[PDB]
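Residue numbers (the authors' numbering), protein chains in the order written: chain E, 1 to 159; chain D, 1 to 677, 691 to 756; chain B, 1 to 63, 70 to 295, 299 to 392, 396 to 550, 556 to 716; chain P, 513 to 563; chain H, 308 to 410.
One structure below.
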């Protein structure tokens, strides 16, 4: 079941304007891009693209209200500049298990105003020295990187 | 179309019509054995004769259209002779090589999985490790060991039900359709063998070869595993040992120990009850070890442990005549005995009452790390021969025999007070009290036993009281044996009467397994044990209580949901949640409950918030005299073994996590079950034309919850069938009708 | 049966049935059909009553304070059941039926009686109606096949609950039929009573059992009563003390002076009877690096020898037409000459069915097969002690030569997978040592010669049933240099080989080149006719003779001769057993020490200077030669000897261990050993070996 | 002598998946023994625990 | 033990990466035996302060005790064709990888 199918399977005869949390993981990508979602999704605030073979997020929809996006287990190697404009209100991003290999790749996220968490587990960029410090200086608004704030104090629950 | 013509012409002659009409489908296998011919004596000679002539091997009349009569050199591959009487044309073995060379290719992806029981051997030897050959004089005991690794611990009868459901779905019988035991293997194999064209009969044979266990009573000299016995020819020899290690995978014998633990708990809580038999039977038919009903496990496994033995005996199952004492099972070979409880005085002048076993008898004292043969008369240790590995095992066997020697020397040699209690603080058997009293030290008892000379007959090292070798001086009647002592090849299964106090006597009157010699340990089972009685949940500790509560809520999800959405007050005060409320802190049962109750109300008010997982997680906290407080809890505490665990309202936690991408819920690591965020039919009568022509067992998939259709059940007869309403099981409901009359 | 009864039915209903039988004094084990019937009846009754409740009004429901709608009468005692029936009858004012209804239904206030039959429900219902009629008791009759009937076509249950009991009855029928029990259970029903299995000895079989008793008794019943009322009264000891004291074992000591040499027979010297010449066999060789064809190499080898003279008979057969053998050899020579003139090695040569060759192959004997009508008039009708022949030195010489090395590698064994197991390397080393020490022994040459000849003769017998195909006697060596060599020993001319069973004999004639003059040992070659053909230069001109005889073989003998490689196996087994024993004793591998040290020696030979020892290699060779000769000269006499001689050998060895061996009758054992030594060279040589062993061991 | 080896089996806990750098674990036999909950950015995610 | 009581996510062990030139099953069973031995310590009274593990085939093979070659004098093993000077030649050259830099 590719995205276009499961989306409708998850649409559940409920109009796109009335979805607030959509879960689409392990499904597929057309070739390496999200296909099936459309801008009519306006009430969505939790999209989970986990394990969907995804080579980029170029053709992502426009979700004003998105706040909890997660692209873990995919193979994004850049092109995150789109997420800034297309998800102005995103405040919880989960890029774990992807193919990011440089701090430069995370430069585009600097212009997201309301960012609160960035999970970056199992990514080749996490093997660097002064990794967390460099990330926290490139993304000053961040207050939880990988789960801990600044002194390795776990992020409080109920987020 | 041709087969029906064959049947018509068979019935035309009025001599086979008798056989074809009067022989019920039951009496077909006894007709199938009226073969003709004389088979063949000396088949090797016949083969050497056949291969000399041409056209030895018969083949069906299809080669003609797919194998040329002559290869590219003018050699007649096949002939036209119709061996004896049949359509099979004779063929020369050149045809086999012609097929293997210029033949129709194919894709073989179903072979490495249909023949798993051989490719497993291949991949297990391919990764084996070899060690140096040691030429020590090898001692080879004659153990009875498993010779089928990965047998999937099925019997020889339920394997047939698996085969009939994987390879012959349209010939399944009534005993399967009108059931609720689907098994897991039958859903994996059905998926794997979905398009196999191999050989339905061969697929069945391979499946029953893979899904059965066998034993051989082989001269083993180490290892004893299920995988070390296939390579016995490679590992051990008459004078050499080639150290070796199969490199495949092993079986986890955890179901057996879980069964042992469940049997122990059930027997305790049934004997501490008013009517032990009813409790035992109801628990067996209701309790489940890792999902499977305990009755199926008891009728499936061969495990031989005391508690399981009593559980089987109370269920009218044959139990081994051998009795287990001190970890060694004592198979009687000869003699008779009588318990004859008599009185004695211990070393400290303490009165004691012990069953003086009166009568001369010989036992084989087989054990895990030692073996022995012990023949004794009343208070007379006539002879004890021991063997095993190292002197520790030899000493263990010797002391076990000495304790069960009926000699008063051990009784009078006691040092201390023979007042021993178990984990349950109960009065154990005085002989058993002696057993544990002496299990640690017996030096003074060895000195009392003394030492006598030995004549060095054939080579038999004697054992000194210091547990050291001696070629001339050895303990009394204790003769450590070299060249090993062989075990036995039979168990002599018998039915034994059970008294009302969990003492398994026999028709002869000798106790085999007293209930007091069962509390060896009370560890934690690896699987999950589920009980159908709210009282039982508070037996194995907080972990079991939580797991059973959540599994019960899952079991009855539809009833819980309807009652929660319609009559919440009744649901919030059921009995099943009283054990759970024992864990919750006393000073917070109310404040928690209200918070849940109010929150639950929020789900009934606004639609779209009906979360199954949240409701199941938070429901057990509702049962309480709820209070009111503005506090908005984030996590609810629970007391487990004195530690405060926490259950998260919104999310997952060790006490409760429902894994997404799957329907499985886990509580404290222990598996709870499946939560949803063919079979089950009932026969009604013979053919009824009002419902139209008969169906096949496949088409029955297209029926409603109560629609009636007539199907061709099994091999032959057609029976009207219908889907079932209500679970309709054999749980306590059947017991109530039977136990109520037993008043 | 009872095991199934316990398996399916739960212990509750089992105990209810137990007490039910006890009320009527029925054994729960002697009676089992009734036990199962009662269990089924109780279970169907309970399943009928269960899952039904009556509201405060008169209506049925299914599942807290409500009555069961059903009162159980069957599960109680007789007295209690009648008490309950009387109570309900008085309360409801309904006449009590004379019988005992098994259940009461409140909703209709009717006595419901259930009955489960194992035959057509029609007969059961008719019988129940006849027994009970004109009473307001409602009969409900079930069947194990799904049938079901009730009074007035009324069934006082919902469909789903009338299904939950028919389903279980069907399942019980299936599970009781897959165990072979259903058939017996069905016939156990009569009317409503369940008779028990009965097996009656009456009629002839009772007049044939009142004759099969000890002399005193006169009927099976009396004897069975006696056996039932039999108590051991020391009868055994009462007869041990009155049986004649002569009866006893009387162990007689077996001292070193007790053994007596076996008395070998007396008579004419024994003559050889093997299929092919063993030591007196010439070998026309060729250095062919060959087409794998017999006739190809046969013709080449025959042409290799120059000197063929005009054949001459040196020794006659004394019971045969020697000229026929002479002309047979001449015909074979001529036929081989013909193939040279074209036909390009036809790959198979059928001889000509001339009078000489036909006679030599046993054909034309076929004694008549008449009926007794003529026999009663003739005056000559009968079927004979086999003549006893003493021992000659030629068999010992044959063995001495067969235990010797040669300049060749006679056995070429197949391949074995690579060696990875540290034990596989040891096995390969041991096997290589054995093969090297034994690949040259002339016993291996006999192994090959025999297996090749029998294989070729079997293939010829199957291929050409009715042709006197000429089968050479070829073998193939591997000379010390390494170049392959082919060898011709002689020619075999198969006969008519229409073999039906395994003992049908095909007669053939074997002609084998040799240099040994037949007149040195005229008693060996008593069954042979020997010619003189050509003179071979070696430098002197020694006459070359041909040994012609007409033997016979069958399929069993053929397959027997195709296993001298199994003989090889036996030899290696013995050697490896000895090596393993010594290795275990010394806690290491003695293969290298055994096969290289050359200091260890076993006593194998007996020269005039006492027992002469030999290294392990000679032990392997002599054991292989012994096995090969066992395979060649096999016969009943050899097995009989082997057996009793093994008993005597075990007694002797026990004496050598100072175990104080005894014996109950030794003269009988010696007679048993000597009854099998009559006229067999190999057996007599083995007897001589045994006598020498006795003389040298016990002394 | 202070150069004889005393073979010992070492069994470490870890969260690093073997398959990411299978060439680094040439000498190890890596198992999967548990499932540990870790505080990710979005909620709390279960990750395998290897030995 | 007080540390391993802190974790409740123990599952059935599974081999995710074999040794590829070694003994996998006996590595698995040594862990499944360590768990059992730690359970036994809990059931017993008082900490032994030193737990000697049961000497079983699993531990012997995992430890290599059953793989080590046996010492033999040169006189016996003269003929064995596989004898060679120890460490005759095995300087197998292996190229740099990034995992050490990350370490």
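All residues carry an ideal CB built from backbone N, CA and C; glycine is no exception.
Checklist entry - DSSP three-state call for residue 61(B): helix, strand or coil? => result Strand, per DSSP.
Checklist entry - Between residue 92(B) and the rest of its own chain, which residues show a CB-CB distance below 8 Å, the 5 nearest in sequence each way excluded? => result Within the same chain, residue 92(B) has close Cβ partners 102.
Checklist entry - What are the boundary residues of the beta strand (DSSP E) that residue 671(D) is part of? => result For residue 671(D), the enclosing beta strand (DSSP E) starts and ends at 670–674.
Item to check | Cross-strand partners of residue 643(D) (DSSP beta bridge) | outcome: Residue 643(D) pairs with 640(D).
Next on the checklist: Between which two residues does the alpha helix (DSSP H) holding residue 371(D) run?
Outcome noted: From DSSP, residue 371(D) is part of no alpha helix (DSSP H) but of the beta strand (DSSP E) over 370–377.
Checklist entry - Which partner residues does residue 568(B) have in the DSSP bridge list? => result By DSSP's assignment, residue 568(B) forms a beta bridge with 520(B).
Next on the checklist: Which residues of the region 632–652 of chain D have a Cβ closer than 7 Å to any Cβ of chain P? Give them in chain order.
Outcome noted: So the list reads 651 and 652, given in the order they occur along the chain.
Item to check | Rounded distance between the beta-carbons of residue 308(D) and residue 259(D), thought under 8 Å | outcome: In this structure residue 259(D) touches residue 308(D) by the C-beta definition: roughly 6 Å separates them, less than 8 Å.
Checklist entry - If you follow the beta strand (DSSP E) that residue 548(B) is part of, which residue opens it and which one closes it? => result First-last of the beta strand (DSSP E) with residue 548(B): 541–549.
Item to check | Nearest-angstrom Cα separation, counted from residue 244(B) out to residue 229(B) | outcome: As the crow flies, the alpha-carbon of residue 229(B) is around 21 Å from that of residue 244(B).
Checklist entry - Quick one: is residue 564(D) buried, meaning 16 or more other Cβ sit within 10 Å of its Cβ, or exposed? => result Burial check for residue 564(D): the Cβ neighbour count within 10 Å reaches 16 or more, so the residue is buried.
Item to check | Within-8 Å CB hit, residue 394(H) to chain B | outcome: Cβ-Cβ to chain B under 8 Å: no for residue 394(H).
Next on the checklist: Tell me the DSSP secondary structure of residue 344(H) in three-state form.
Outcome noted: Three-state DSSP puts residue 344(H) in a helix.
Next on the checklist: Checking the sheet assignment: what are the DSSP bridge partners for residue 489(B)?
Outcome noted: Beta-bridge pairing links residue 489(B) to 497(B).
Checklist entry - What three-state label does DSSP hand residue 553(B) in the structure shown? => result The model of chain B omits the segment between 550 and 556, and residue 553(B) is among the residues lacking coordinates.
Next on the checklist: Using a Cβ-Cβ cutoff of 9 Å, what residues of the region 73–106 of chain E are near chain H? List them in chain order.
Outcome noted: The region 73–106 of chain E vs chain H, Cβ under 9 Å: nothing.
Item to check | Opposing strand residues paired with residue 620(B) [DSSP bridges] | outcome: Beta-bridge analysis with DSSP links residue 620(B) to 630(B).
Checklist entry - At which residue ranges does the region 263–323 of chain D contain complete alpha helix (DSSP H) runs of 4 or more residues, listed in the order of the chain? => result Listed in chain order, they are 276–286, 294–300 and 306–314.
Item to check | Under 9 Å from the C-beta of residue 659(D): neighbouring residues of chain P | outcome: Within chain P, the residues near residue 659(D) are 547 and 558.
Item to check | Residue-chain proximity (residue 563(P), chain H), Cβ-Cβ < 8 Å | outcome: Residue 563(P) counts as touching chain H.
Item to check | Segment limits, beta strand (DSSP E) that includes residue 413(H) | outcome: Limits of chain H in this structure are 308 at one end and 410 at the other, which puts residue 413(H) out of reach.
Checklist entry - What does residue 320(H) touch in chain P if you count any residue whose Cβ is under 8 Å from its own? => result Within chain P, the residues near residue 320(H) are 543, 544, 545 and 563.
Checklist entry - In its own chain, which residues sit with a C-beta less than 6 Å from the C-beta of residue 700(B), not counting the 5 before and 5 after it? => result Excluding residues within five positions, the ones whose Cβ falls inside 6 Å are 654, 655, 658 and 694.
Checklist entry - For the 8 Å Cβ check, are there 3 or more pairs between the region 336–345 of chain H and the region 256–274 of chain D? => result The region 256–274 of chain D and the region 336–345 of chain H do not touch, with fewer than three beta-carbon pairs separated by less than 8 Å.
Item to check | Residue-level contact to chain P via CB, residue 119(E), 8 Å cutoff | outcome: Yes, contact with chain P.
Item to check | residue 337(D) and residue 358(D) closer than 8 Å at C-beta | outcome: In this structure, residue 358(D) lies closer than 8 Å to residue 337(D) by Cβ.
Next on the checklist: Let's see if you can read the secondary structure: which residues bound the alpha helix (DSSP H) around residue 233(D)?
Outcome noted: First-last of the alpha helix (DSSP H) with residue 233(D): 232–235.
Next on the checklist: DSSP has residue 398(H) in a bridge; who is on the other side?
Outcome noted: Beta-bridge partners assigned by DSSP to residue 398(H): none are found.
Item to check | Validate contact between the region 388–396 of chain H and the region 94–110 of chain E using beta carbons, cut 8 Å, 3 pairs | outcome: Contact fails: fewer than three Cβ-Cβ distances are below 8 Å.
Item to check | the region 365–377 of chain D / the region 401–414 of chain D touching (three or more Cβ pairs under 8 Å) | outcome: Contact holds: three or more Cβ-Cβ distances are below 8 Å.
Checklist entry - Listed from N- to C-terminal order along the chain, which residues in the region 493–504 of chain D have their beta-carbon within a distance smaller than 7 Å of any beta-carbon of chain B? => result Residues passing the 7 Å Cβ filter: none.
Checklist entry - With a Cβ-Cβ cutoff of 8 Å, do residue 234(E) and residue 70(E) count as a contact? => result An answer regarding residue 234(E) cannot be provided, because it is not within the stretch 1 to 159 covered by chain E.
Item to check | Coil, strand or helix - residue 364(D) by DSSP | outcome: Note: residue 364(D) maps to strand in three-state DSSP.
Checklist entry - Could you check where the alpha helix (DSSP H) with residue 9(D) kicks off and where it finishes? => result Counting along the chain, residue 9(D) sits inside the alpha helix (DSSP H) bounded by residues 2–12.
Checklist entry - When the Cα of residue 491(D) is compared with those of 739(D), 341(D), 217(D) and 388(D), which residue comes out closest? => result Answer by Cα proximity: 217(D).
Checklist entry - Beta-carbon of residue 345(H) versus every beta-carbon of chain D: anything under 8 Å? => result Answer no: the Cβ-Cβ gap between residue 345(H) and chain D never drops below 8 Å.
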